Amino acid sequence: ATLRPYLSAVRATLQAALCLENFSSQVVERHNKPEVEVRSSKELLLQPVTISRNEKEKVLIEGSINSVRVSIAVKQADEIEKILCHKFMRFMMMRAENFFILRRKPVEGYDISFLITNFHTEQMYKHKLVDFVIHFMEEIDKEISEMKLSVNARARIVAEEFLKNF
């Protein structure tokens, strides 16, 4: 009941933030850096905003003239979900070079972070990135649940196989 309203607020905020352009560095001769990362020019940074579904689930969106950082607090109901989520996010971050919009590490306080730059919005349809982020949030919850059901299902079969042989 609170899912759709949450994702809708996040999607709209992402459209507002993903309005980037190429920006040569102002501080370093012939450099080109994601301003939201280096933050060496305050006027190039936008106001950080947060969209929260509850005390646990939320999304932090940090914009700047040429890049946006997106951090997500994934839902983790119990311990098995917590460790599965951590292993899954770690798994994807290790492959960040292939998943080119992912940060190698989340922003402190979040489980996974994206760094979308102007080069990305230049090479991909920005409305499709927004779609991807929303799609991502929904799909990780689903995968985590399936993983949870799997570990439980295999555990039952493993306990029986051993017990039934005595």
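Residue indices: 1-based, along the sequence shown.
In this entry, 142-150 shows the higher mean Cα temperature factor of the pair 19-27 and 142-150. In the PDB entry, a CA B factor belonging to the highest third of its chain's modelled residues is recorded for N98. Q123: CA B factor lies in the highest third for its chain, per the PDB record. Annotation for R53: CA B-factor lies in the highest third of the chain's modelled residues. When the modelled residues of the chain are ordered by C-alpha B-factor, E108 sits in the highest third. Ranked by Cα temperature factor within the chain, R39 sits in the highest third according to the deposited record.
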